[PDB]
Amino acid sequence: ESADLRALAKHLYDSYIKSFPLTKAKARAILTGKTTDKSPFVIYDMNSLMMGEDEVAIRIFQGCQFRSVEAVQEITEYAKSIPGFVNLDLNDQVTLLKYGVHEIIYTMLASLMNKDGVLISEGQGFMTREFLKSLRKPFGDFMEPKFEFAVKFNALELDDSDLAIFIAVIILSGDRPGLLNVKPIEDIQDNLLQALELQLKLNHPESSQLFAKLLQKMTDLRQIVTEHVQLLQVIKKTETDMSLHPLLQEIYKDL
Ligand SMILES: C[C@H](O)c1ccc(CCOc2ccc(C[C@@H]3SC(=O)NC3=O)cc2)nc1
Ligand SMILES: CCCCCCCCC(=O)O
Ligand SMILES: CCCCCCCCC(=O)O
């Protein structure tokens, strides 16, 4: 019954709004500078970066880490709202979060991105994509595979109500390594998938096979994760004085 699926979509959108302070709707309002009620400060070079706070590669990279830590907390809070998630085996809850978190982080990061750069500090700032490309040897290319994905993902023109369901689909995957009880997870995802299918058809009725196209984006997400992990392996060998946040460490451990 579509009634049940619409109620699920609404519940998820409500929890998403409650769990993620900076929505795509607010991020697009900032990025499209037309509503200059609160425009971002733009960091495009070394000089602008100094005044924006009014080694540099390491400080930027670690700011990304801290933002992911905060995102993990929001995503975990959201996950608990997904009907059935907290009733799963606790080992599996942890496993679902462990593998789902970075795929959600890069999905939602696209909301804060355009072709030219990315919002930072809760939207108060905007850091240029070419400034990020211009950082020292290992850090020079850490953001570019995120921007390339966002440009493509953002062409789908999903809004927060769509993303709320898609993020839930991601979490309740069931092909995650080491899951104990796959069937209850897959049963939740089937219902989530039905809701997402109906949501995209009602919200984007002119957008042919949006559902399929969105599901194909998972390949792109999983490949951003793998390339980030190997870059981390380079970082820890050349940057022995650089601490990684323990929450991030545990997520990355044995992935
Ligand atoms: C510090 C500087 O002002 C700055 C620049 C850009 C942004 C936008 C967010 O850009 C992100 C990039 C990567 C990750 C994934 C992290 S990064 C890591 O090492 N492990 C993970 O999970 C998250 C977010 N925010 C702050
Ligand atoms: C790049 C800013 C990192 C700390 C955020 C607090 C500073 C506020 C600001 O950017 O104006
Ligand atoms: C990546 C978007 C998920 C919500 C954005 C969190 C606030 C953005 C920020 O502080 O950089």
# chains A, B, ... in the order shown; residues from 1 in each chain; ligands from 1

call {"tool": "residues_around", "arguments": {"residues": "residue 157 (chain A)", "least_positions_apart": "6", "cutoff": "10 Å", "atoms": "only C-alpha atoms", "output": "count of residues only"}}
result
4

call {"tool": "closest_atom_pairs", "arguments": {"of": "chain A", "to": "ligand 2", "cutoff": "10 Å", "atoms": "only C-alpha atoms and all ligand atoms", "output": "tab-separated table"}}
result
residue	atom	partner	partner_atom_place_in_ligand_line	distance
A:40	CA	ligand 2	10 (O)	9.0
A:41	CA	ligand 2	10 (O)	7.5
A:42	CA	ligand 2	10 (O)	9.7
A:43	CA	ligand 2	1 (C)	8.5
A:49	CA	ligand 2	1 (C)	7.1
A:50	CA	ligand 2	1 (C)	8.5
A:51	CA	ligand 2	11 (O)	8.1
A:52	CA	ligand 2	10 (O)	5.1
A:53	CA	ligand 2	2 (C)	4.6
A:54	CA	ligand 2	11 (O)	5.7
A:59	CA	ligand 2	3 (C)	9.6
A:60	CA	ligand 2	1 (C)	8.5
A:63	CA	ligand 2	3 (C)	7.8
A:120	CA	ligand 2	1 (C)	7.3
A:121	CA	ligand 2	5 (C)	5.5
A:122	CA	ligand 2	5 (C)	8.7
A:123	CA	ligand 2	10 (O)	9.4
A:124	CA	ligand 2	10 (O)	6.3
A:125	CA	ligand 2	10 (O)	6.1
A:126	CA	ligand 2	1 (C)	9.1
A:127	CA	ligand 2	1 (C)	8.9

call {"tool": "residues_around", "arguments": {"residues": "residue 66 (chain A)", "least_positions_apart": "2", "cutoff": "12 Å", "atoms": "only C-alpha atoms", "output": "list in words"}}
result
residues 59, 60, 61, 62, 63, 64, 68, 69, 70, 71, 72, 73, 120, 121, 243, 244, 245, 246, 247 and 248 of chain A

call {"tool": "write_last_selection", "arguments": {"atoms": "C-alpha atoms", "output": "tab-separated table (two decimals), in the first residue's frame"}}
result
chain	number	residue	atom	x	y	z
A	59	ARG	CA	45.23	21.67	8.97
A	60	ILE	CA	42.77	21.50	6.06
A	61	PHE	CA	42.90	17.70	5.93
A	62	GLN	CA	42.31	17.46	9.68
A	63	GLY	CA	39.39	19.88	9.40
A	64	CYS	CA	37.89	17.37	6.96
A	68	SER	CA	33.47	13.60	9.25
A	69	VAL	CA	33.49	12.82	12.98
A	70	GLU	CA	30.60	15.23	13.42
A	71	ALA	CA	28.87	13.69	10.40
A	72	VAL	CA	29.25	10.19	11.87
A	73	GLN	CA	27.39	11.41	14.97
A	120	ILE	CA	32.60	24.74	5.11
A	121	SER	CA	32.00	25.82	8.73
A	243	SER	CA	47.07	12.07	14.27
A	244	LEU	CA	43.91	10.47	12.92
A	245	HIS	CA	40.75	10.69	14.99
A	246	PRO	CA	40.08	7.39	16.86
A	247	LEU	CA	36.46	7.21	15.69
A	248	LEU	CA	37.72	7.44	12.11

call {"tool": "select_by_dssp", "arguments": {"residues": "region 134-176 of chain A", "states": "alpha helix (DSSP H)", "output": "list in words"}}
result
residues 144, 145, 146, 147, 148, 149, 150, 151, 152, 153, 154, 160, 161, 162, 163, 164, 165, 166, 167, 168, 169, 170 and 171 of chain A

call {"tool": "write_last_selection", "arguments": {"atoms": "N, CA and C atoms", "output": "PDB file, in the first residue's frame"}}
result
ATOM      1  N   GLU A 144      39.488  15.945  -5.106  1.00  0.00           N
ATOM      2  CA  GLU A 144      39.013  15.910  -6.486  1.00  0.00           C
ATOM      3  C   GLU A 144      38.073  14.747  -6.785  1.00  0.00           C
ATOM      4  N   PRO A 145      38.318  13.507  -6.343  1.00  0.00           N
ATOM      5  CA  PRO A 145      37.313  12.467  -6.596  1.00  0.00           C
ATOM      6  C   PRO A 145      36.005  12.709  -5.862  1.00  0.00           C
ATOM      7  N   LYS A 146      35.948  13.620  -4.891  1.00  0.00           N
ATOM      8  CA  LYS A 146      34.657  13.957  -4.291  1.00  0.00           C
ATOM      9  C   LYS A 146      33.896  14.961  -5.160  1.00  0.00           C
ATOM     10  N   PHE A 147      34.605  15.965  -5.677  1.00  0.00           N
ATOM     11  CA  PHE A 147      34.001  16.942  -6.581  1.00  0.00           C
ATOM     12  C   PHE A 147      33.461  16.292  -7.857  1.00  0.00           C
ATOM     13  N   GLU A 148      34.228  15.374  -8.465  1.00  0.00           N
ATOM     14  CA  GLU A 148      33.787  14.740  -9.714  1.00  0.00           C
ATOM     15  C   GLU A 148      32.469  13.993  -9.509  1.00  0.00           C
ATOM     16  N   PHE A 149      32.375  13.231  -8.417  1.00  0.00           N
ATOM     17  CA  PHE A 149      31.137  12.547  -8.049  1.00  0.00           C
ATOM     18  C   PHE A 149      30.001  13.534  -7.848  1.00  0.00           C
ATOM     19  N   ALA A 150      30.258  14.617  -7.110  1.00  0.00           N
ATOM     20  CA  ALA A 150      29.197  15.569  -6.795  1.00  0.00           C
ATOM     21  C   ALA A 150      28.615  16.185  -8.062  1.00  0.00           C
ATOM     22  N   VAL A 151      29.480  16.614  -8.984  1.00  0.00           N
ATOM     23  CA  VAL A 151      29.005  17.186 -10.243  1.00  0.00           C
ATOM     24  C   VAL A 151      28.021  16.240 -10.920  1.00  0.00           C
ATOM     25  N   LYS A 152      28.360  14.950 -10.965  1.00  0.00           N
ATOM     26  CA  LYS A 152      27.492  13.944 -11.567  1.00  0.00           C
ATOM     27  C   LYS A 152      26.266  13.676 -10.706  1.00  0.00           C
ATOM     28  N   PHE A 153      26.479  13.439  -9.411  1.00  0.00           N
ATOM     29  CA  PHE A 153      25.355  13.171  -8.523  1.00  0.00           C
ATOM     30  C   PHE A 153      24.382  14.344  -8.485  1.00  0.00           C
ATOM     31  N   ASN A 154      24.906  15.569  -8.432  1.00  0.00           N
ATOM     32  CA  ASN A 154      24.047  16.738  -8.315  1.00  0.00           C
ATOM     33  C   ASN A 154      23.187  16.956  -9.546  1.00  0.00           C
ATOM     34  N   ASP A 160      16.286  17.050  -0.378  1.00  0.00           N
ATOM     35  CA  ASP A 160      16.495  16.398   0.916  1.00  0.00           C
ATOM     36  C   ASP A 160      15.511  15.259   1.160  1.00  0.00           C
ATOM     37  N   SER A 161      14.250  15.417   0.727  1.00  0.00           N
ATOM     38  CA  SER A 161      13.248  14.375   0.962  1.00  0.00           C
ATOM     39  C   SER A 161      13.602  13.087   0.223  1.00  0.00           C
ATOM     40  N   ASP A 162      14.153  13.208  -0.987  1.00  0.00           N
ATOM     41  CA  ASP A 162      14.672  12.037  -1.687  1.00  0.00           C
ATOM     42  C   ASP A 162      15.875  11.464  -0.949  1.00  0.00           C
ATOM     43  N   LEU A 163      16.830  12.339  -0.574  1.00  0.00           N
ATOM     44  CA  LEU A 163      18.083  11.890   0.041  1.00  0.00           C
ATOM     45  C   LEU A 163      17.841  11.184   1.368  1.00  0.00           C
ATOM     46  N   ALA A 164      16.824  11.622   2.121  1.00  0.00           N
ATOM     47  CA  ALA A 164      16.521  10.970   3.390  1.00  0.00           C
ATOM     48  C   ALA A 164      16.295   9.479   3.182  1.00  0.00           C
ATOM     49  N   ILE A 165      15.559   9.102   2.127  1.00  0.00           N
ATOM     50  CA  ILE A 165      15.305   7.678   1.903  1.00  0.00           C
ATOM     51  C   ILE A 165      16.551   6.986   1.366  1.00  0.00           C
ATOM     52  N   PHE A 166      17.275   7.660   0.470  1.00  0.00           N
ATOM     53  CA  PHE A 166      18.426   7.041  -0.178  1.00  0.00           C
ATOM     54  C   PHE A 166      19.506   6.735   0.850  1.00  0.00           C
ATOM     55  N   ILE A 167      19.712   7.652   1.801  1.00  0.00           N
ATOM     56  CA  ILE A 167      20.672   7.434   2.880  1.00  0.00           C
ATOM     57  C   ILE A 167      20.261   6.235   3.719  1.00  0.00           C
ATOM     58  N   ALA A 168      18.955   6.073   3.955  1.00  0.00           N
ATOM     59  CA  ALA A 168      18.476   4.911   4.695  1.00  0.00           C
ATOM     60  C   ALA A 168      18.737   3.623   3.921  1.00  0.00           C
ATOM     61  N   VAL A 169      18.462   3.637   2.619  1.00  0.00           N
ATOM     62  CA  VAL A 169      18.773   2.485   1.768  1.00  0.00           C
ATOM     63  C   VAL A 169      20.234   2.087   1.916  1.00  0.00           C
ATOM     64  N   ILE A 170      21.137   3.076   1.854  1.00  0.00           N
ATOM     65  CA  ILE A 170      22.578   2.819   1.980  1.00  0.00           C
ATOM     66  C   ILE A 170      22.897   2.096   3.285  1.00  0.00           C
ATOM     67  N   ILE A 171      22.368   2.607   4.407  1.00  0.00           N
ATOM     68  CA  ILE A 171      22.699   2.037   5.720  1.00  0.00           C
ATOM     69  C   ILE A 171      22.279   0.574   5.817  1.00  0.00           C
TER      70      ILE A 171
END

call {"tool": "residues_around", "arguments": {"residues": "residue 225 (chain A)", "least_positions_apart": "3", "cutoff": "12 Å", "atoms": "only C-alpha atoms", "output": "list in words"}}
result
residues 99, 100, 101, 102, 103, 104, 105, 106, 107, 142, 143, 145, 146, 149, 218, 219, 220, 221, 222, 228, 229, 230, 231, 232, 251, 252 and 255 of chain A
